[PDB]
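# Secondary and tertiary structure notes
Residues per chain are reported as follows:
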Amino acid sequence: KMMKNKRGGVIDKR
Amino acid sequence: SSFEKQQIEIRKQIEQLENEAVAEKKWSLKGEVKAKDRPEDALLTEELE
Amino acid sequence: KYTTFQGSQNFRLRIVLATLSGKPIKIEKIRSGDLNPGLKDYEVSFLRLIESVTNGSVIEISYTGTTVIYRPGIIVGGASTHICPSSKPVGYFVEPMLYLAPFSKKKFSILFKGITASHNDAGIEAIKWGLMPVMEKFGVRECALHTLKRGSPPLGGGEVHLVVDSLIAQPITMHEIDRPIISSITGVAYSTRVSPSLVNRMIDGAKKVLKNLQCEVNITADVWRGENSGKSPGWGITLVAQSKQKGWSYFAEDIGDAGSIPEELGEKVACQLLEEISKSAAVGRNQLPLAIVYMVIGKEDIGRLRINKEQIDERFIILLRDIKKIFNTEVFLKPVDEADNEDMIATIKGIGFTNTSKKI
Amino acid sequence: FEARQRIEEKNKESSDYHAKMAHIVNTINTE
Amino acid sequence: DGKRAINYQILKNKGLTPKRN
Amino acid sequence: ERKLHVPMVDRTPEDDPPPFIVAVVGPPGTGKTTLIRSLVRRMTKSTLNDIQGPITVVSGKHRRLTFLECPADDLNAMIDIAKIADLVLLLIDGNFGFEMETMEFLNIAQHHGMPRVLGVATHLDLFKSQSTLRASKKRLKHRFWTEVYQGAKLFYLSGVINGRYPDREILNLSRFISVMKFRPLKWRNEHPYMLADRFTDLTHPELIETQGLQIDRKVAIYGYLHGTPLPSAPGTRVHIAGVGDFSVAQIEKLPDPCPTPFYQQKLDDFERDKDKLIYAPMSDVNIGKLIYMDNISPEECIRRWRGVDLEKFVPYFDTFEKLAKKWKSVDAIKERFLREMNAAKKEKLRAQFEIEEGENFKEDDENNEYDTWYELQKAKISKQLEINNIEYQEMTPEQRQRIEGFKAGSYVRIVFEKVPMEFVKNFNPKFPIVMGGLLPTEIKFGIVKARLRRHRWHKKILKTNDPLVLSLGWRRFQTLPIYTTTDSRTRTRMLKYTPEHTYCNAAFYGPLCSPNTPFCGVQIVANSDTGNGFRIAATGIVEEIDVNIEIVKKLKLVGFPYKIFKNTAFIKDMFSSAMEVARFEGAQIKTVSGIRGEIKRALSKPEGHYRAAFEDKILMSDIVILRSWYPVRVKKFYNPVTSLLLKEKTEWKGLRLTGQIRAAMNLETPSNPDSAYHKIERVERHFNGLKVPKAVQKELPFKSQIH
Amino acid sequence: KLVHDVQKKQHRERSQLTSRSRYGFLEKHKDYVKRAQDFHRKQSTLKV
Amino acid sequence: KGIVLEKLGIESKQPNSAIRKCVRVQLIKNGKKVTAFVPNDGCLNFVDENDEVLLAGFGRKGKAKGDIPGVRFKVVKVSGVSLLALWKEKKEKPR
Amino acid sequence: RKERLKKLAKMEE
RNA sequence: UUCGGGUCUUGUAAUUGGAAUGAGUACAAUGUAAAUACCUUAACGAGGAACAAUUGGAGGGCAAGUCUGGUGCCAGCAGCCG
Ligand SMILES: Nc1nc2c(ncn2[C@@H]2O[C@H](COP(=O)(O)OP(=O)(O)OP(=O)(O)O)[C@@H](O)[C@H]2O)c(=O)[nH]1
Ligand SMILES: [Mg+2]
């Protein structure tokens, strides 16, 4: 459900 | 010019969209799909509702 | 990625402003001289909240963690939850949502779970009776912050439901050039997991200070026991000076540390409230950034607010320089013709910002 | 399992729509 | 010629009338 | 109730409004230039030749106008001049009647918000008989009253006796357009725009020689302002129409070349141009500064003013001991808190009651503003406007430039960087260069949910994924829309065409603009391939904005039953494997006859067969179907028209249509012949009689038996 | 009351697959309801 | 005369019902909001928001099978041109 | 007869 | 109103023919202070006589279409969307 409806994402790098 | 090379790559995208719009429709993009028409064992990956 | 910024200062404010405008920003050198250089867990969680509430936005974080790059998107909102890390409380994670509440595509219904008080940030009663009337003055009608469970430091376990429905287009302009007259002093003295003798003693100390004045004083006791009182015990008190003729509020609060005195806390909070009233002109020093941001995003028009030279501090200068760097909107200050005090009217030509997300 | 979840989702959305329309027609008749 | 005269449809402007006799 | 309205905001300067902008438009050779030279000789008493570009004359003591003879063949010129224009001198040939170009321009004006239309009629001397002339006058006037409002007055002109129309009719037309009295519009009173009067390149010729005529040159642009005060800080984005989207590099206001003679004599009165009275340049003959200085640290600012983190929320108090010692007493804020002695007591009781009531019914504004909610709203509008006015009038240097920006009617120049060599080379003054300052929502890029219909006079409907050169906001660009409907408000199923007499939703990629925004799109902007058809293809509005849509195209799976019992059937040729049938098992299935079912279990021995239980005995001849949904995507195409960058400035050609590429590649219209419709003739069927069991027929009683 | 004729248009019914014309006359709902009524009558008299 | 506030019943399922035909307009000489019928969901597409409709009475003689009681006004013109003309495609709605 | 019955049912209801 | 009863050259998006005429354009003359027009009249001017009148009201029918409820195959709402 989450990966189907949402669009924007965070580029987390460490 | 920057405009000129931009128009060149726009013309490339134009050619691609022309060829796609004149080409054949996808098996899923059609309607009334028959099993021999569509590729074999596709629905398990296509995951429609 | 284009508008650059330095330092870890006013982080949530810069994120909120870039989300409102739309210009892509880039903060660099976040605590370089540190043993752990870069962000913190609560700042990363706040960015997770931002990307939860908005849509199409991209947040690039460098692997060192010292450089964040924000290309904002549109505001959507909806109904969801959030899990506050225990380093910072729900007030610190609520205030940006109070900025970005009424300009969404769908209503806000966010369930925050965590600690609900600290010495630095707003409590729940602080948020309600200090910053909900300002939004109600600026046009947001149906906003509410229910408290399902109340937690306390240092274990928390509390839950608040922020609901905002007044999807306004832009905040109406404001013309408040007269110093308001405070009508009543309401307050909320709350506590968790202790005997309410403490709450009674806090209210006794506060009324003991405020016995000099003649205006009415009503401070309600708010005890929480049982299963919806959270883990840790604690107490705190907020006072609001309410001007009922115009619907203005000046608030001041505190909580009690491990082994403090409730009467001392009541008298200290009353003294802080009197200080805020004496330094106040139509707003408080903590409601002021909300009022300035709302005046800048109000429609293309001159808004006027009567502020005081004591309310003009370094925090005001830093806020105004940030607003100039984002919105290119100067704030004009004129000294009022009054001879006794030294107030200045702030005039802001609010730019055209419309709630362009909302379907019609 | 997916059939179960889909039936549950459809029933939830139908109940929400029915409540919304009842509220709208109530507001019409009282306003 | 080079001039584009208007259609009979947009000259007379009878939008959507039923069939009569 | 006729005089009531919807309230709106008029952002025009009361001090020095800019020249009103009139567009002289119409067919190729309908004397559209002669009208301009004769109207100018009326207004200023000097004959003019070689009119090109905008030309500003001055009417009366307070007015000045800007004539724009539009190039009669270019639809993009029609579109942006209908975006900007304010009074449209639309001229119709008399002998020929209405023409398609006049028709199309009226439609784009109607969709982009109607300016003051004014018809003039020409070639009224070619009519042989006075009665044919009178009948044709009445016919034109009534069709014009159908399109523009009824009662709209249009003028009539005779013949060009000396390169000029009759003076009496020109005098009437001049009086009318000099008392024209315009009205507010939403787009024009939300955005800043300008019509560039003079154009100049800015580089060094040595730089041009070194780079070899490829470097994008700086450009200075001179003209008046309109609409909304342009902010005086450099680096705001502003779309030049037909050239691209640039940003202003430097702004500066100037002395305007044509000051109205009221303003001229007022300047002369303050101080103590009468021959040059037209302007065709393209043609020939302190805490505030303490805060906003960046080099000063805020500590030093507060230090000089008197003589810190923001992530924390509470303010910086002092020690509680000092606070209590200071606030033992409250008589410093007692002022903020709330015969001769009797009179003072009644006065303080009046003050106490005044602070008790406050603002409850204070004139209520209703009987104050004469018992109409509309008048109340517009009085609020006017009060806010005059407060704006006095606060602007407060100070000169910053309250005019830094705070509000250059208002309107300030003859301003602006320079841009990175402006194409094609623009500077193929610039000709016969074309309008209009500029619109954008917004955040207009600088973003997403997909818009619009709702649109085919235009009523357009013949052919619009196919999904067919390129549409549309105009929405200041931008014209072709995109690949997708025409959707909601299947009774449950799901956005895409159609394959436009419904020919109503609105369908559309969704398409392209630069965002606000909700509620009307737009219109053509299919062919290229003038070389137009024909007699109507150009304008779609009208609509844009409703909302997103970055993605859950958009469905229905696909149904067919099978064929090959062995049937009562209520059960073995179905083949629908899947490929038992894994697929297990993935789809438990399915609400139905057949062409209209009986329901479900697929139950995968059959083992053939690869794809299964068993399905129907509600009634299915025939063998019928075809089962399984309705399901498949997500489609929106193609991300965006190709803005750049005709002013083009040299020919007509015949801009982009993505051809599907019929055009089929005809050019010489393919054929794809159509499976099993899908066409036939005229069937269903024969009457005579069902077989009933056949009882023989045990029943034996065991039946004597009377009730088959005899 | 307020209806266009193009709204009142017509909708033709398509025919059997030409590759599957061995089994003839793809049956629609009117034929199905006739067949079901006759079968129901037979079942009733048989039960009697 | 009135201003169209919101098109009610847009989120209904079954088409051409009375709760879908309804709108909510506010009369301008009173600031007072009240509902109004609009025939033909096409004409519901024509009326969107901030539109200055011209209501008139309803004047029914008999009820219908799904009519709403108390909705006594209907919409005659929108933004200056007639709804019937816009529906029959004689005219065009000018923004 | 069936058409008359349909028109009759409409004229009752 | 249901079982039904009454009565009669009827029906045709079937073919086909020559005659008539003014709406209109127009020499002309009359009219008029001068015109326009009417009334007159050469010459043109009719087979979707496309030389293309309306405004309202009632009702039916249709799909491998859509939505909702069900004591299957039904009912309701409706359908420019297959
Ligand atoms: N008899 C007559 N001739 C006219 C009239 N109006 C224009 N003309 C003729 O048309 C020409 C004037 O047309 P322009 O003023 O150039 O119109 P335009 O739109 O500039 O034409 P383009 O230059 O082709 O764009 C002159 O040669 C005139 O003789 C009129 O009312 N009567
Ligand atoms: Mg010319």
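Rules used in this analysis
- Residues numbered from 1 in each chain as written, not as in the entry; some residues may be left out.
- Chains lettered and ligands numbered in written order.
- Part of a larger assembly, values for the part shown.
- Heavy atoms only, no water.
- Residues with missing side-chain atoms left out of burial classes, pairs and counts.
- UniProt positions renumbered as here; feature names shortened; annotations may be inferred.
- Contact = heavy atoms within 4.5 Å.
- Helix = DSSP H or I, 4+ residues; strand = E, 2+ residues; numbered from the N terminus.
- Buried < 20%, exposed > 50% of the residue type's maximum accessible area, 1.4 Å probe, protein only.
- 1 Å grid on protein atoms, 1.4 Å probe; cavity = no way out; pocket = protein on both sides within 12 Å on 5 of 7 lines; lining within 4 Å.
- Points joined across faces, edges and corners; volume = space filled by probe spheres on them.
- Nonpolar A, V, L, I, M, F, W, Y, C, P; charged D, E, K, R; others polar.
- Buried area = accessible area lost by both parts, 1.4 Å probe.
- Salt bridge = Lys/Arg side-chain N within 4 Å of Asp/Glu carboxyl O.
- Polar contact = N/O pair within 3.5 Å; in protein donor to acceptor, adjacent residues only side chain to side chain.
- Near = heavy atom within 4 Å.
- Areas by Shrake-Rupley, 256 points an atom, 1.4 Å probe, with all protein chains shown as cover.

This deposited entry lists cryo-EM as its structure determination method and 3.8 Å as its resolution.

Within the PDB entry, the label attached to chain F reads Ribosome biogenesis protein BMS1, and the organism entered is Saccharomyces cerevisiae. What UniProt records for chain F under Subunit (literature references left out) is the sentence "Interacts directly with RCL1 and the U3 snoRNA to form a stable subcomplex. Component of the 90S small subunit processome also known as 90S pre-ribosome that consists of the 35S pre-rRNA, early-associating ribosomal proteins most of which are part of the small ribosomal subunit, the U3 snoRNA and associated proteins." A UniProt comment under Sequence similarities is attached to chain F, and it reads "Belongs to the TRAFAC class translation factor GTPase superfamily. Bms1-like GTPase family. BMS1 subfamily."

In the nomenclature of the PDB entry, chain C is known as RNA 3'-terminal phosphate cyclase-like protein of Saccharomyces cerevisiae. UniProt lists a comment for chain C under the heading Subunit (literature references left out), and it reads "Interacts directly with BMS1 and the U3 snoRNA to form a stable subcomplex. Component of the 90S small subunit processome also known as 90S pre-ribosome that consists of the 35S pre-rRNA, early-associating ribosomal proteins most of which are part of the small ribosomal subunit, the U3 snoRNA and associated proteins." In its Subcellular location section, the UniProt record describing chain C reads: "Nucleus, Nucleolus".

## Things to note about the interface of chain F and chain C
The interface is formed by 65 residues belonging to chain F together with 76 residues belonging to chain C. Elements with a contribution of two residues or more to the side of chain F that touches chain C: α8 (287–292), α9 (298–306), α10 (320–326), α11 (340–357), α12 (373–393), α13 (397–400), α15 (440–443) and β22 (536–546) of chain F. Residue contributions to the side of chain F that touches chain C peak at six residues, all from α9(F).

## Here's the deal with the side chain of C:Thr3
Residues and elements named next belong to chain C. Examined against the element boundaries, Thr 3 turns out to sit in strand β1 (residues 3–6). What makes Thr 3 buried here is its relative accessible area of 17%. Ignoring anything within four residues of it in the chain, the contact list for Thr 3 reads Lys 23, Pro 24, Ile 25, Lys 26, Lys 325 and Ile 326.

## Here we look at the layout of surface pockets
The volume enclosed by the second largest pocket comes to roughly 1,000 Å³. As for the second largest pocket, its lining consists of 26 residues, of which G:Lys1, H:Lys21, H:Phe37, H:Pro39 and H:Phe58 are closest to the centre. Looking at the lining of the second largest pocket, the elements with two or more residues in it are α1 (18–21), β5 (73–78) and α3 (83–88) of chain H. Here the lining of the second largest pocket gets three residues from one element, more than from any other, and that element is β5(H). Counted by class, the lining of the second largest pocket contains 13 nonpolar, six polar and seven charged residues.

## Points about the UniProt feature "domain: Bms1-type G" in chain F
The UniProt entry lists residues 18–183 of chain F under the feature "domain: Bms1-type G", expressed in the numbering used here. Taken end to end, residues 18–183 of chain F is 38% helix and 20% strand, and its two terminal C-alpha atoms sit 15 Å from one another.

## Here we look at the interface of chain C and chain A
Counting residues at the interface gives twelve residues for chain C, matched by eight residues for chain A. Summing both partners gives a buried area of about 850 Å² for chain C against chain A, and 49% of it is carried by carbon and sulfur. The shortest N-O distance in the salt bridge between A:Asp12 and C:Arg48 comes to 2.7 Å. On inspection of chain C and its partner chain A, the count reaches four residue pairs in polar contact. Contributing elements (two or more residues each) for the side of chain C that touches chain A: α2 (41–53) and β4 (58–61) of chain C.

## A few points about the site of ligand 1
All names here are of chain F. Around ligand 1, the neighbouring residues are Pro 28, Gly 31, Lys 32, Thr 33, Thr 34, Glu 69, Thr 122, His 123, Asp 125, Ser 158, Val 160 and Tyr 165. Here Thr 34 contributes a backbone N or O atom positioned 3.0 Å from an oxygen atom of ligand 1. One nitrogen or oxygen atom from the side chain of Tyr 165 is found 2.7 Å from a nitrogen atom belonging to ligand 1. Protein chains bury 61% of the 650 Å² of accessible surface belonging to ligand 1 in isolation. Counted by class, the shell around ligand 1 contains three nonpolar, six polar and three charged residues.

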